[PDB]
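What follows is a short report on a single structure.
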Amino acid sequence: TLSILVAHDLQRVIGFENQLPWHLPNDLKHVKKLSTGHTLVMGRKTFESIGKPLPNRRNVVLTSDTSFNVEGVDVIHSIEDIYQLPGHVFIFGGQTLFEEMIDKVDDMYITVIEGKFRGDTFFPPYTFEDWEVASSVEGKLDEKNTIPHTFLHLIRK
Ligand SMILES: NC(=O)c1ccc[n+]([C@@H]2O[C@H](COP(=O)([O-])OP(=O)(O)OC[C@H]3O[C@@H](n4cnc5c(N)ncnc54)[C@H](OP(=O)(O)O)[C@@H]3O)[C@@H](O)[C@H]2O)c1
Ligand SMILES: Cc1cc2nc(-c3cscn3)n(-c3ccc4c(N)nc(N)nc4c3)c2cc1C
């Protein structure tokens with residue numbers, strides 16, 4: 001299985017100044033749960049944003065940098081390399097990766113951030129004519145999680 005993992009707002013903002021525009025612990029727990037024991041593929045910028053590989057999963061970084069050789073990280077240099085990775089593969093971002101892979105993935109796990117944030121990077125447009133709603137689950141709000149959010153699982157029709 002090849003999947004997208006993404007958090008985007010009402011206008012498909014995904015990022016601002018190489019970070020998430022929102023603080024939402026529950027989204028990070030959601031991502032952690034879904035990808036534990038599986039594979040994450042991310043762009044170089046996204047990896048430098050996170051700063052270190054995520055534990056208990058395979059971290060794969062796509063970059064043109066031939067000097068890239070980071071402890072606990074596997075490196076790929078082409079989009080084609082993704083299809084040779086075994087198991088459940090999750091496209092982890094960022095904008096460039098999502099744009100390159102939205103037409104290729106089997107399904108998408110989306111956290112819709114039900115707000116309007118300032119962004120400089122975006123998830124590409126998509127229509128529900130192409131995607132079946134496998135599940136839609138309203139995130140629970142509390143002191144630590146104050147922005148309404150919905151977890152969508154979409155499967156390509
Ligand atoms: N909300 C979310 O779910 C989410 C998730 C992840 C990231 N983000 C956000 O997304 C933004 C980053 O997105 P971005 O598009 O600027 O950067 P990015 O996708 O994370 O990475 C861009 C880099 O990926 C490498 N790359 C991509 N395609 C390649 C290819 N086909 N061959 C070789 N290298 C390739 C290149 O690295 P080199 O220049 O080193 O060659 C490129 O500069 C940030 O704001 C971040 O916070 C949001
Ligand atoms: C502990 C932790 C820290 C994180 N920092 C970030 C981050 C920094 S800049 C852009 N994202 N994330 C990330 C990285 C990728 C995704 C994704 N594809 N989808 C979703 N929904 N959330 C993410 C959170 C993170 C995810 C986790 C689990």
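Lettering and numbering for the structure tokens are positional, with chains as A, B, ... in the shown order, residues counted from 1 in each chain, and ligands counted from 1 in the shown order.
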
Find the residues of chain A that sit at most 7 Å from ligand 1; for each, write down the nearest two atoms and how far apart they are in Å, to one decimal. Count only C-alpha atoms and all ligand atoms. Sort by chain, then by number going up, and give it as a tab-separated table.
```
residue	atom	partner	partner_atom_place_in_ligand_line	distance
A:5	CA	ligand 1	3 (O)	6.3
A:6	CA	ligand 1	3 (O)	3.4
A:7	CA	ligand 1	3 (O)	3.7
A:8	CA	ligand 1	1 (N)	5.4
A:14	CA	ligand 1	1 (N)	3.8
A:15	CA	ligand 1	45 (O)	3.5
A:16	CA	ligand 1	45 (O)	4.7
A:17	CA	ligand 1	45 (O)	5.5
A:18	CA	ligand 1	45 (O)	3.5
A:19	CA	ligand 1	47 (O)	3.5
A:20	CA	ligand 1	47 (O)	4.7
A:42	CA	ligand 1	20 (O)	6.0
A:43	CA	ligand 1	21 (O)	3.4
A:44	CA	ligand 1	24 (O)	4.4
A:45	CA	ligand 1	20 (O)	4.0
A:46	CA	ligand 1	20 (O)	3.6
A:47	CA	ligand 1	20 (O)	6.7
A:49	CA	ligand 1	47 (O)	6.6
A:62	CA	ligand 1	34 (N)	5.1
A:63	CA	ligand 1	34 (N)	3.6
A:64	CA	ligand 1	41 (O)	3.5
A:65	CA	ligand 1	40 (O)	5.1
A:77	CA	ligand 1	33 (C)	4.9
A:78	CA	ligand 1	32 (N)	4.6
A:79	CA	ligand 1	31 (N)	5.0
A:92	CA	ligand 1	6 (C)	5.6
A:93	CA	ligand 1	6 (C)	3.8
A:94	CA	ligand 1	19 (O)	3.4
A:95	CA	ligand 1	15 (O)	3.5
A:96	CA	ligand 1	15 (O)	3.7
A:97	CA	ligand 1	19 (O)	4.7
A:120	CA	ligand 1	45 (O)	6.8
A:121	CA	ligand 1	11 (C)	5.6
```

TODO: Please report, as a VMD selection string, each residue of region 32-123 of chain A to which DSSP assigns alpha helix (DSSP H) when run on this structure's backbone.
DONE: chain A and resid 32 to 35 44 to 50 95 to 101

Q | Residue set, region 48-95 of chain A restricted to strand (DSSP E), as a ChimeraX atom specification | A | /A:58-62,74-76,89-93

Generate the output file for the selected residues, N, CA and C atoms, as a PDB file, in the first residue's frame.
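Full text of part.pdb as output:
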```pdb
ATOM      1  N   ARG A  58      10.592   3.067   9.521  1.00  0.00           N
ATOM      2  CA  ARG A  58      11.618   3.396   8.539  1.00  0.00           C
ATOM      3  C   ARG A  58      11.434   4.829   8.035  1.00  0.00           C
ATOM      4  N   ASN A  59      12.488   5.633   8.165  1.00  0.00           N
ATOM      5  CA  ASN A  59      12.510   7.004   7.657  1.00  0.00           C
ATOM      6  C   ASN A  59      13.302   7.090   6.362  1.00  0.00           C
ATOM      7  N   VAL A  60      12.608   7.425   5.277  1.00  0.00           N
ATOM      8  CA  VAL A  60      13.231   7.566   3.962  1.00  0.00           C
ATOM      9  C   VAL A  60      13.149   9.028   3.518  1.00  0.00           C
ATOM     10  N   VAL A  61      14.295   9.599   3.152  1.00  0.00           N
ATOM     11  CA  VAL A  61      14.339  10.994   2.712  1.00  0.00           C
ATOM     12  C   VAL A  61      14.702  11.076   1.232  1.00  0.00           C
ATOM     13  N   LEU A  62      13.836  11.732   0.466  1.00  0.00           N
ATOM     14  CA  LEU A  62      14.088  12.028  -0.938  1.00  0.00           C
ATOM     15  C   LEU A  62      14.817  13.365  -1.074  1.00  0.00           C
ATOM     16  N   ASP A  74      17.220   6.392   5.686  1.00  0.00           N
ATOM     17  CA  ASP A  74      17.533   5.851   4.371  1.00  0.00           C
ATOM     18  C   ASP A  74      17.352   6.955   3.342  1.00  0.00           C
ATOM     19  N   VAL A  75      18.209   6.976   2.328  1.00  0.00           N
ATOM     20  CA  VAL A  75      18.135   8.041   1.335  1.00  0.00           C
ATOM     21  C   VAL A  75      17.761   7.507  -0.046  1.00  0.00           C
ATOM     22  N   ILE A  76      16.868   8.228  -0.716  1.00  0.00           N
ATOM     23  CA  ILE A  76      16.545   7.951  -2.112  1.00  0.00           C
ATOM     24  C   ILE A  76      16.727   9.236  -2.912  1.00  0.00           C
ATOM     25  N   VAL A  89       3.830   2.027   2.668  1.00  0.00           N
ATOM     26  CA  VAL A  89       4.598   3.256   2.485  1.00  0.00           C
ATOM     27  C   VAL A  89       3.693   4.479   2.615  1.00  0.00           C
ATOM     28  N   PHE A  90       4.109   5.422   3.460  1.00  0.00           N
ATOM     29  CA  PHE A  90       3.372   6.662   3.698  1.00  0.00           C
ATOM     30  C   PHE A  90       4.142   7.871   3.168  1.00  0.00           C
ATOM     31  N   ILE A  91       3.537   8.580   2.222  1.00  0.00           N
ATOM     32  CA  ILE A  91       4.070   9.868   1.768  1.00  0.00           C
ATOM     33  C   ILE A  91       3.805  10.911   2.860  1.00  0.00           C
ATOM     34  N   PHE A  92       4.888  11.473   3.389  1.00  0.00           N
ATOM     35  CA  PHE A  92       4.871  12.208   4.648  1.00  0.00           C
ATOM     36  C   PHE A  92       5.003  13.722   4.424  1.00  0.00           C
ATOM     37  N   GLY A  93       5.169  14.125   3.166  1.00  0.00           N
ATOM     38  CA  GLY A  93       5.351  15.541   2.823  1.00  0.00           C
ATOM     39  C   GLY A  93       6.712  15.854   2.216  1.00  0.00           C
TER      40      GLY A  93
END
```

Nearest candidate to residue 153 (chain A) (options A:133, A:30, A:81, A:139; using only C-alpha atoms):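 Under the stated criterion, the closest residue is A:133.
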
From the list A:36, A:11, A:145, A:135, the nearest residue to residue 123 (chain A) using only C-alpha atoms is A:11

- Item | CA of residue 70 (chain A) to CA of residue 48 (chain A), distance in Å rounded to a single decimal |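 The value is 11.1 Å.
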
Report task. Show which residues sit within 9 Å of residue 137 (chain A), as a ChimeraX atom specification. Count only C-alpha atoms, and ignore same-chain residues fewer than 4 positions away. Result -> /A:149-153

Selection export as an mmCIF file, in the first residue's frame, atoms kept: N, CA, C and O atoms:
```cif
data_model
loop_
_atom_site.group_PDB
_atom_site.id
_atom_site.type_symbol
_atom_site.label_atom_id
_atom_site.label_comp_id
_atom_site.auth_asym_id
_atom_site.auth_seq_id
_atom_site.Cartn_x
_atom_site.Cartn_y
_atom_site.Cartn_z
ATOM 1 N N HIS A 149 -10.934 19.615 14.181
ATOM 2 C CA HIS A 149 -10.260 18.836 13.154
ATOM 3 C C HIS A 149 -11.010 17.546 12.878
ATOM 4 O O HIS A 149 -11.651 16.990 13.770
ATOM 5 N N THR A 150 -10.910 17.079 11.637
ATOM 6 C CA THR A 150 -11.576 15.849 11.201
ATOM 7 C C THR A 150 -10.560 14.929 10.527
ATOM 8 O O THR A 150 -9.809 15.367 9.649
ATOM 9 N N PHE A 151 -10.546 13.667 10.950
ATOM 10 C CA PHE A 151 -9.714 12.643 10.336
ATOM 11 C C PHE A 151 -10.496 11.957 9.232
ATOM 12 O O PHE A 151 -11.529 11.309 9.481
ATOM 13 N N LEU A 152 -9.991 12.125 8.016
ATOM 14 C CA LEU A 152 -10.573 11.544 6.824
ATOM 15 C C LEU A 152 -9.682 10.432 6.318
ATOM 16 O O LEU A 152 -8.458 10.591 6.259
ATOM 17 N N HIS A 153 -10.290 9.301 5.968
ATOM 18 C CA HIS A 153 -9.598 8.304 5.170
ATOM 19 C C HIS A 153 -10.287 8.213 3.810
ATOM 20 O O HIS A 153 -11.468 7.837 3.718
#
```
